[PDB]
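Everything below belongs to my_file14.txt, which stores compact mmCIF, C-alpha atoms and all ligand atoms.
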```
# COMPACT_ATOMS: atom_id res chain seq x y z
CA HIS A 4 -13.47 2.45 -15.75
CA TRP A 5 -11.21 4.33 -13.31
CA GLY A 6 -7.48 4.28 -13.79
CA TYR A 7 -4.40 6.47 -13.88
CA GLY A 8 -4.63 8.03 -17.35
CA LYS A 9 -5.50 11.56 -18.43
CA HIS A 10 -9.17 10.80 -18.93
CA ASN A 11 -9.78 8.41 -16.04
CA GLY A 12 -7.12 9.32 -13.48
CA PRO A 13 -7.23 10.59 -9.90
CA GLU A 14 -8.63 13.99 -10.86
CA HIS A 15 -11.70 12.22 -12.28
CA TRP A 16 -12.36 9.73 -9.48
CA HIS A 17 -14.63 12.07 -7.50
CA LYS A 18 -17.38 11.82 -10.12
CA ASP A 19 -17.99 8.13 -9.39
CA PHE A 20 -16.65 8.27 -5.80
CA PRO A 21 -17.52 11.63 -4.21
CA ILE A 22 -15.68 10.68 -1.00
CA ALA A 23 -12.59 11.49 -3.07
CA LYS A 24 -13.01 15.05 -1.74
CA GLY A 25 -13.65 13.80 1.80
CA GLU A 26 -12.27 14.79 5.17
CA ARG A 27 -9.77 11.91 5.65
CA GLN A 28 -8.41 11.02 2.20
CA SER A 29 -5.07 9.38 1.48
CA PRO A 30 -2.26 9.62 0.65
CA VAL A 31 -0.89 12.79 2.27
CA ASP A 32 2.39 14.66 2.47
CA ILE A 33 4.16 13.96 5.75
CA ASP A 34 5.65 17.23 6.94
CA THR A 35 8.38 15.95 9.25
CA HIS A 36 8.71 19.22 11.12
CA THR A 37 4.98 19.34 11.99
CA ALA A 38 4.47 15.66 12.83
CA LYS A 39 4.65 15.42 16.60
CA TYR A 40 6.12 12.61 18.64
CA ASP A 41 3.30 10.88 20.53
CA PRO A 42 4.70 9.09 23.62
CA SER A 43 1.32 7.38 24.03
CA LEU A 44 1.92 5.22 20.95
CA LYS A 45 2.95 1.68 21.80
CA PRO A 46 5.51 -0.28 19.80
CA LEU A 47 4.34 -1.78 16.56
CA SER A 48 3.97 -5.57 16.57
CA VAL A 49 4.44 -7.08 13.11
CA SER A 50 3.98 -10.83 13.54
CA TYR A 51 4.44 -12.43 10.12
CA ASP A 52 6.11 -15.72 11.14
CA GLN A 53 3.03 -17.80 10.22
CA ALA A 54 2.07 -15.94 7.04
CA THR A 55 0.58 -18.14 4.30
CA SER A 56 0.79 -16.56 0.86
CA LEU A 57 -1.57 -17.89 -1.81
CA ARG A 58 -1.42 -16.20 -5.22
CA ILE A 59 0.14 -13.26 -7.05
CA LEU A 60 -2.02 -11.45 -9.54
CA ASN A 61 -2.29 -8.49 -11.89
CA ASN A 62 -5.62 -6.73 -11.22
CA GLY A 63 -5.19 -3.99 -13.83
CA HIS A 64 -4.10 -1.32 -11.32
CA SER A 65 -1.22 -3.05 -9.49
CA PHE A 66 0.08 -6.52 -8.73
CA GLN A 67 -0.93 -8.11 -5.45
CA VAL A 68 0.13 -11.04 -3.32
CA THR A 69 -2.75 -12.58 -1.37
CA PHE A 70 -2.66 -14.40 1.96
CA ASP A 71 -4.87 -16.86 3.80
CA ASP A 72 -6.63 -14.70 6.42
CA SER A 73 -8.94 -17.56 7.52
CA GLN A 74 -7.19 -17.51 10.89
CA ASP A 75 -4.97 -15.26 13.00
CA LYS A 76 -1.66 -16.07 11.31
CA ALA A 77 0.11 -12.93 10.04
CA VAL A 78 -1.11 -10.04 12.21
CA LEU A 79 -0.38 -6.39 12.92
CA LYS A 80 -1.04 -5.03 16.40
CA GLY A 81 0.16 -2.31 18.73
CA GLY A 82 1.24 1.13 17.67
CA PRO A 83 -1.90 3.20 17.25
CA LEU A 84 -4.11 0.14 16.82
CA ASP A 85 -6.69 -1.34 19.15
CA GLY A 86 -7.03 -5.06 18.63
CA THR A 87 -5.79 -7.44 16.00
CA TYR A 88 -5.48 -6.83 12.26
CA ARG A 89 -4.94 -9.73 9.84
CA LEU A 90 -2.73 -9.51 6.76
CA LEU A 91 -4.88 -9.90 3.62
CA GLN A 92 -2.63 -8.81 0.75
CA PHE A 93 0.26 -6.63 -0.27
CA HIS A 94 0.73 -4.61 -3.40
CA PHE A 95 2.82 -1.73 -4.74
CA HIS A 96 2.54 1.66 -6.39
CA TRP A 97 5.41 2.84 -8.60
CA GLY A 98 6.60 5.36 -11.15
CA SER A 99 7.84 5.57 -14.71
CA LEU A 100 11.07 7.11 -13.36
CA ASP A 101 12.93 6.76 -10.08
CA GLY A 102 11.92 10.28 -8.93
CA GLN A 103 8.22 9.44 -8.59
CA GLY A 104 6.00 6.51 -7.69
CA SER A 105 5.15 6.75 -4.03
CA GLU A 106 1.74 7.85 -2.80
CA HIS A 107 2.80 9.30 0.55
CA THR A 108 5.51 11.93 0.34
CA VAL A 109 7.97 13.09 3.00
CA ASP A 110 8.55 16.85 3.01
CA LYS A 111 7.21 16.69 -0.58
CA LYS A 112 9.84 14.07 -1.53
CA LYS A 113 8.47 11.29 -3.76
CA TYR A 114 10.06 7.83 -3.54
CA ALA A 115 10.37 5.45 -6.47
CA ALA A 116 7.66 3.16 -5.14
CA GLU A 117 5.54 2.35 -2.12
CA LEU A 118 4.59 -1.04 -0.65
CA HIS A 119 1.21 -1.42 1.05
CA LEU A 120 0.62 -4.33 3.43
CA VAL A 121 -3.15 -4.39 3.92
CA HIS A 122 -4.67 -5.68 7.16
CA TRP A 123 -8.24 -5.84 8.50
CA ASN A 124 -9.63 -5.55 12.00
CA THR A 125 -10.86 -8.97 13.10
CA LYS A 127 -13.50 -7.48 15.42
CA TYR A 128 -15.58 -6.91 12.25
CA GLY A 129 -15.51 -10.54 11.19
CA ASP A 130 -14.75 -10.07 7.50
CA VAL A 131 -13.01 -7.55 5.29
CA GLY A 132 -16.21 -6.44 3.58
CA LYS A 133 -17.65 -5.39 6.92
CA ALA A 134 -14.33 -3.86 8.01
CA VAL A 135 -14.21 -1.50 5.01
CA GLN A 136 -17.45 0.07 6.29
CA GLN A 137 -15.80 1.05 9.62
CA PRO A 138 -13.56 4.05 10.41
CA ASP A 139 -11.10 1.66 12.08
CA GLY A 140 -11.61 -1.30 9.76
CA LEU A 141 -8.22 -1.53 8.05
CA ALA A 142 -4.60 -0.83 8.85
CA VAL A 143 -2.17 -0.36 5.97
CA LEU A 144 1.55 -0.55 6.66
CA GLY A 145 3.26 1.63 4.05
CA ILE A 146 6.93 1.21 3.19
CA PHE A 147 8.85 3.42 0.80
CA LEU A 148 11.19 2.02 -1.85
CA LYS A 149 14.28 3.84 -3.07
CA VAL A 150 16.56 2.68 -5.87
CA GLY A 151 19.98 1.44 -4.81
CA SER A 152 21.07 -1.99 -3.65
CA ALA A 153 18.83 -4.97 -4.35
CA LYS A 154 16.32 -6.22 -1.79
CA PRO A 155 16.86 -10.01 -1.68
CA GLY A 156 13.41 -10.65 -0.19
CA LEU A 157 11.78 -8.98 -3.20
CA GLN A 158 13.49 -11.06 -5.89
CA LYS A 159 11.03 -13.97 -5.73
CA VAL A 160 8.32 -11.42 -6.54
CA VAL A 161 10.26 -9.82 -9.41
CA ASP A 162 11.04 -13.14 -11.02
CA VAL A 163 7.38 -14.19 -11.37
CA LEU A 164 6.09 -10.90 -12.83
CA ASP A 165 6.75 -12.21 -16.36
CA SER A 166 3.93 -14.71 -15.66
CA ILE A 167 1.30 -12.06 -14.77
CA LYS A 168 2.07 -9.40 -17.36
CA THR A 169 -1.55 -8.46 -18.15
CA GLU A 170 -4.73 -7.72 -16.23
CA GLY A 171 -6.47 -10.90 -15.10
CA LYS A 172 -3.38 -13.11 -14.93
CA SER A 173 -2.47 -14.84 -11.66
CA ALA A 174 -0.05 -17.50 -10.51
CA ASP A 175 0.52 -19.68 -7.47
CA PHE A 176 2.73 -17.81 -5.04
CA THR A 177 3.00 -19.99 -1.93
CA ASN A 178 5.59 -19.90 0.84
CA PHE A 179 6.54 -16.25 0.34
CA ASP A 180 7.78 -14.61 3.56
CA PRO A 181 6.80 -10.92 3.72
CA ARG A 182 9.26 -10.35 6.55
CA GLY A 183 11.90 -10.02 3.81
CA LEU A 184 10.28 -6.78 2.64
CA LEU A 185 10.63 -4.90 5.96
CA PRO A 186 13.35 -2.37 6.83
CA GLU A 187 15.38 -2.63 10.02
CA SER A 188 13.53 0.08 11.94
CA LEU A 189 9.81 0.13 12.69
CA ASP A 190 9.82 3.86 13.43
CA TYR A 191 6.63 5.23 11.85
CA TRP A 192 4.18 8.04 11.25
CA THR A 193 0.45 7.42 11.68
CA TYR A 194 -2.76 9.23 10.74
CA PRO A 195 -6.41 8.36 9.94
CA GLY A 196 -7.08 8.09 6.23
CA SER A 197 -8.55 6.17 3.37
CA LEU A 198 -8.03 3.63 0.63
CA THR A 199 -5.97 5.26 -2.13
CA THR A 200 -7.90 3.51 -4.93
CA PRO A 201 -11.65 3.51 -5.54
CA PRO A 202 -13.81 3.27 -3.60
CA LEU A 203 -11.57 5.49 -1.49
CA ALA A 204 -13.35 4.38 1.66
CA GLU A 205 -12.37 6.26 4.84
CA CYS A 206 -11.60 3.09 6.76
CA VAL A 207 -7.80 3.03 7.16
CA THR A 208 -5.38 3.68 9.98
CA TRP A 209 -2.17 4.49 8.05
CA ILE A 210 1.17 3.42 9.50
CA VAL A 211 4.00 4.68 7.27
CA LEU A 212 7.53 3.54 8.09
CA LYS A 213 10.22 6.20 8.20
CA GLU A 214 12.97 3.92 6.87
CA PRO A 215 12.72 3.06 3.17
CA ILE A 216 13.85 -0.20 1.75
CA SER A 217 16.37 -0.18 -1.09
CA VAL A 218 15.59 -2.10 -4.29
CA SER A 219 17.75 -2.32 -7.37
CA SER A 220 17.15 -0.57 -10.67
CA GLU A 221 16.66 -4.00 -12.25
CA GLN A 222 14.01 -4.93 -9.68
CA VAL A 223 11.93 -1.79 -10.22
CA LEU A 224 12.45 -2.03 -13.97
CA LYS A 225 10.55 -5.32 -13.83
CA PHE A 226 7.61 -3.62 -12.14
CA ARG A 227 7.50 -1.19 -15.07
CA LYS A 228 7.17 -3.98 -17.66
CA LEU A 229 3.74 -4.97 -16.32
CA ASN A 230 0.66 -3.94 -18.29
CA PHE A 231 -2.56 -2.22 -17.25
CA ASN A 232 -4.32 -3.85 -20.21
CA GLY A 233 -5.50 -7.43 -20.57
CA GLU A 234 -3.97 -10.03 -22.88
CA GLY A 235 -4.67 -9.39 -26.54
CA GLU A 236 -5.24 -5.65 -26.07
CA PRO A 237 -3.01 -2.65 -26.91
CA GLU A 238 -0.07 -2.45 -24.54
CA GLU A 239 -0.20 0.34 -21.95
CA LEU A 240 2.62 -0.01 -19.45
CA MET A 241 1.64 -0.23 -15.77
CA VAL A 242 3.59 2.78 -14.52
CA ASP A 243 2.59 5.79 -12.41
CA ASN A 244 -0.19 3.91 -10.63
CA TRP A 245 -0.03 6.30 -7.66
CA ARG A 246 -2.57 8.79 -6.31
CA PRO A 247 -1.03 12.19 -5.39
CA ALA A 248 -1.10 13.68 -1.90
CA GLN A 249 -4.52 14.87 -0.73
CA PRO A 250 -5.38 17.71 1.66
CA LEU A 251 -4.60 16.97 5.29
CA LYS A 252 -7.67 18.90 6.52
CA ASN A 253 -8.44 18.41 10.22
CA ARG A 254 -5.81 15.78 10.92
CA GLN A 255 -2.56 15.40 12.84
CA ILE A 256 0.23 13.09 11.78
CA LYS A 257 1.82 11.47 14.84
CA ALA A 258 5.37 10.11 15.04
CA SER A 259 6.36 7.04 17.03
CA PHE A 260 9.91 8.33 17.45
CA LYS A 261 11.62 11.34 19.01
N1 LIG A 301 -3.83 1.36 -1.84
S1 LIG A 301 -4.48 0.96 -0.40
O1 LIG A 301 -5.00 2.16 0.24
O2 LIG A 301 -3.54 0.18 0.41
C1 LIG A 301 -5.89 -0.13 -0.71
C2 LIG A 301 -6.85 0.22 -1.64
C3 LIG A 301 -7.92 -0.64 -1.86
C4 LIG A 301 -8.03 -1.80 -1.16
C5 LIG A 301 -9.22 -2.70 -1.43
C6 LIG A 301 -10.08 -2.82 -0.17
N2 LIG A 301 -11.31 -3.49 -0.54
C7 LIG A 301 -12.45 -2.70 -0.96
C8 LIG A 301 -12.72 -2.80 -2.47
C9 LIG A 301 -13.99 -2.82 -3.04
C10 LIG A 301 -13.76 -2.94 -4.45
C11 LIG A 301 -12.37 -2.99 -4.58
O3 LIG A 301 -11.81 -2.91 -3.40
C12 LIG A 301 -11.35 -4.94 -0.46
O4 LIG A 301 -10.39 -5.55 -0.11
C13 LIG A 301 -12.66 -5.64 -0.87
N3 LIG A 301 -12.61 -7.10 -0.95
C14 LIG A 301 -11.44 -7.74 -1.56
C15 LIG A 301 -10.48 -8.47 -0.62
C16 LIG A 301 -9.42 -9.34 -1.33
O5 LIG A 301 -9.74 -10.49 -1.75
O6 LIG A 301 -8.24 -8.91 -1.50
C17 LIG A 301 -13.16 -7.72 0.25
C18 LIG A 301 -14.17 -8.81 -0.13
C19 LIG A 301 -15.60 -8.37 0.16
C20 LIG A 301 -16.43 -9.22 0.87
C21 LIG A 301 -17.74 -8.85 1.16
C22 LIG A 301 -18.22 -7.63 0.72
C23 LIG A 301 -17.40 -6.78 0.00
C24 LIG A 301 -16.09 -7.15 -0.28
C25 LIG A 301 -7.08 -2.16 -0.24
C26 LIG A 301 -6.00 -1.33 -0.01
ZN ZN A 302 -1.99 0.79 -2.12
```

Just give me the structure of the file as structure tokens.
Ligand SMILES: NS(=O)(=O)c1ccc(CCN(Cc2ccco2)C(=O)CN(CCC(=O)O)CCc2ccccc2)cc1
Ligand SMILES: [Zn+2]
Amino acid sequence: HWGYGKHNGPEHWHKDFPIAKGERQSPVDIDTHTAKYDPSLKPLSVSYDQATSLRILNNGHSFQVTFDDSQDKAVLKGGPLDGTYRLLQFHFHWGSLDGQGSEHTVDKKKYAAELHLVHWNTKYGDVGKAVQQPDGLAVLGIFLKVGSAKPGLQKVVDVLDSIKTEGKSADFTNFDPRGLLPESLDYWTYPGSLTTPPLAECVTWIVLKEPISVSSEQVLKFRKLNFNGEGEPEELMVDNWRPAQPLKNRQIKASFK
């Protein structure tokens, strides 16, 4: 029922999910002058060498690549995190135009898209239990700007024709998510939430400072996806981003001076 349109978009979500007006909702604007360097943060550890991708799918609000999280293969540790977080899936949020699409903003600047690599804290045993914990998930957020192509994204782009409509999926094995990362792991971090219903307040956000560049042709292919299912009226999957939410009683910490 929820979506991104006028009658079911983010301004309506609170009716079914009252935590939408909660104390640690995401995304937020990152005010770079107020975020404070935290020398206590340890270096991020992104260990994706053994990642095992499974499928790519259109779920009606984004497209997502899933991973086998049956074992400690692709894991995120360090930075603000205590313990080990397993990669479950990645997906994107994007705009109808290059000047919008990201969920987080930087000094109110919106990027053309935002990649979310979703990880869960293995101390809770399974992701369903983790989403009920304030420290259950860690999402690594990476901004996309339009410029040069990202070679590591092309395998994704070239299969989107096969999952145009909600409910479609395809095999997507042997995809290496390391090809989606920027050079620098400098980041901002803050406690927040899922940015789609149920908006659970279970996420440590780690947002990389350095965007990746993708080409206009790559992002154009994102915008040809459909929110609707096959055999329904075509509604292009664009502007599937939640806007910045109030920061409230939170501090955004920087890993870098
Ligand atoms: N944009 S964001 O902030 O990065 C972002 C926004 C939403 C989510 C979804 C997180 N959630 C919650 C959810 C609930 C409904 C929809 O979603 C799940 O992952 C749920 N689920 C699917 C995992 C999978 O198979 O992928 C786990 C399976 C499970 C097992 C036992 C009991 C309950 C659930 C992730 C990132
Ligand atoms: Zn997301």

What residues have any atom no more than 12 Å from ligand ZN 302 (chain A) when counting all atoms listed in the file, and can you list them as a ChimeraX atom specification? /A:29-30,64-67,92-97,104-107,116-122,142-147,197-201,203,207,209,211,244-247

Residue with smallest distance to residue 181 of chain A - pool A:21, A:196, A:202, A:155, counting only C-alpha atoms: A:155

Using all atoms listed in the file, which protein or nucleic acid residues come within 12 Å of residue 74 of chain A? Drop anything in the same chain fewer than 6 positions from it, and give the result as JSON, numbers by chain. {"A": [53, 54, 55, 87, 88, 89, 90, 91, 123, 125, 129, 130]}

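Taking atom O4 of ligand LIG 301 (chain A) and atom CA of residue 12 of chain A as endpoints, the distance between them is 20.3 Å.
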
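Taking all atoms listed in the file into account, those protein, DNA and RNA residues with any atom at most 10 Å away from (7.6, 15.3, -0.2) amount to residues 31, 32, 33, 34, 35, 105, 106, 107, 108, 109, 110, 111, 112, 113, 114 and 248 of chain A.
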
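Closest approach to residue 240 of chain A among A:214, A:180, A:170, A:139 is made by A:170 (distances from all atoms listed in the file).
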
Tell me, as a ChimeraX atom specification, which residues lie within 7 Å of segment 228-230 of chain A, counting all atoms listed in the file; anything in the same chain fewer than 6 positions away does not count. /A:168-170,238-241

Take the point (11.5, 11.3, 20.8) in the file's coordinates, draw a sphere of radius 8 Å around it, and report as an MDAnalysis selection string every protein, DNA or RNA residue with an atom inside or on it, counting all atoms listed in the file. chainID A and resid 40 42 259:261

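Atom to atom, atom CA of residue 132 of chain A and atom CA of residue 208 of chain A stand 16.1 Å apart.
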
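Note that the spacing between atom CA of residue 60 of chain A and atom CA of residue 224 of chain A amounts to 17.8 Å.
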
Using all atoms listed in the file, can you tell me which of A:164, A:77, A:49, A:141 comes closest to residue 124 of chain A? A:141

Which residues come within 10 Å of residue 27 of chain A, counting all atoms listed in the file, excluding same-chain residues fewer than 4 positions away, as a PyMOL selection string? chain A and resi 22-23+31+138+194-198+203-207+249-254

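Among the candidates A:19, A:175, A:14, A:190, the one nearest to residue 48 of chain A when counting all atoms listed in the file is A:190.
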
Incomplete segment 164-177 of chain A filled out to N, CA and C atoms as a PDB file, in the coordinates of the input:
```pdb
ATOM      1  N   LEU A 164       6.940 -11.912 -12.198  1.00  0.00           N
ATOM      2  CA  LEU A 164       6.090 -10.900 -12.830  1.00  0.00           C
ATOM      3  C   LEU A 164       5.917 -11.164 -14.321  1.00  0.00           C
ATOM      4  N   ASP A 165       6.897 -11.820 -14.967  1.00  0.00           N
ATOM      5  CA  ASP A 165       6.750 -12.210 -16.360  1.00  0.00           C
ATOM      6  C   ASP A 165       5.478 -13.019 -16.586  1.00  0.00           C
ATOM      7  N   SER A 166       5.062 -13.791 -15.574  1.00  0.00           N
ATOM      8  CA  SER A 166       3.930 -14.710 -15.660  1.00  0.00           C
ATOM      9  C   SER A 166       2.579 -14.035 -15.448  1.00  0.00           C
ATOM     10  N   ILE A 167       2.552 -12.765 -15.036  1.00  0.00           N
ATOM     11  CA  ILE A 167       1.300 -12.060 -14.770  1.00  0.00           C
ATOM     12  C   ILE A 167       1.350 -10.688 -15.450  1.00  0.00           C
ATOM     13  N   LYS A 168       1.794 -10.667 -16.704  1.00  0.00           N
ATOM     14  CA  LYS A 168       2.070  -9.400 -17.360  1.00  0.00           C
ATOM     15  C   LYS A 168       0.816  -8.543 -17.507  1.00  0.00           C
ATOM     16  N   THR A 169      -0.336  -9.172 -17.769  1.00  0.00           N
ATOM     17  CA  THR A 169      -1.550  -8.460 -18.150  1.00  0.00           C
ATOM     18  C   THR A 169      -2.659  -8.668 -17.125  1.00  0.00           C
ATOM     19  N   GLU A 170      -3.577  -7.696 -17.117  1.00  0.00           N
ATOM     20  CA  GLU A 170      -4.730  -7.720 -16.230  1.00  0.00           C
ATOM     21  C   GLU A 170      -5.446  -9.055 -16.345  1.00  0.00           C
ATOM     22  N   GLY A 171      -5.754  -9.642 -15.196  1.00  0.00           N
ATOM     23  CA  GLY A 171      -6.470 -10.900 -15.100  1.00  0.00           C
ATOM     24  C   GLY A 171      -5.591 -12.113 -14.925  1.00  0.00           C
ATOM     25  N   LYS A 172      -4.283 -11.984 -15.115  1.00  0.00           N
ATOM     26  CA  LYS A 172      -3.380 -13.110 -14.930  1.00  0.00           C
ATOM     27  C   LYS A 172      -3.019 -13.255 -13.457  1.00  0.00           C
ATOM     28  N   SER A 173      -2.886 -14.498 -13.017  1.00  0.00           N
ATOM     29  CA  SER A 173      -2.470 -14.840 -11.660  1.00  0.00           C
ATOM     30  C   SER A 173      -1.618 -16.097 -11.706  1.00  0.00           C
ATOM     31  N   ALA A 174      -0.879 -16.316 -10.628  1.00  0.00           N
ATOM     32  CA  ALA A 174      -0.050 -17.500 -10.510  1.00  0.00           C
ATOM     33  C   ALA A 174       0.005 -17.934  -9.048  1.00  0.00           C
ATOM     34  N   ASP A 175       0.280 -19.215  -8.827  1.00  0.00           N
ATOM     35  CA  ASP A 175       0.520 -19.680  -7.470  1.00  0.00           C
ATOM     36  C   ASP A 175       1.729 -18.946  -6.914  1.00  0.00           C
ATOM     37  N   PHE A 176       1.632 -18.534  -5.663  1.00  0.00           N
ATOM     38  CA  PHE A 176       2.730 -17.810  -5.040  1.00  0.00           C
ATOM     39  C   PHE A 176       2.757 -18.178  -3.558  1.00  0.00           C
ATOM     40  N   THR A 177       2.975 -19.467  -3.286  1.00  0.00           N
ATOM     41  CA  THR A 177       3.000 -19.990  -1.930  1.00  0.00           C
ATOM     42  C   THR A 177       4.381 -19.828  -1.299  1.00  0.00           C
TER      43      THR A 177
END
```
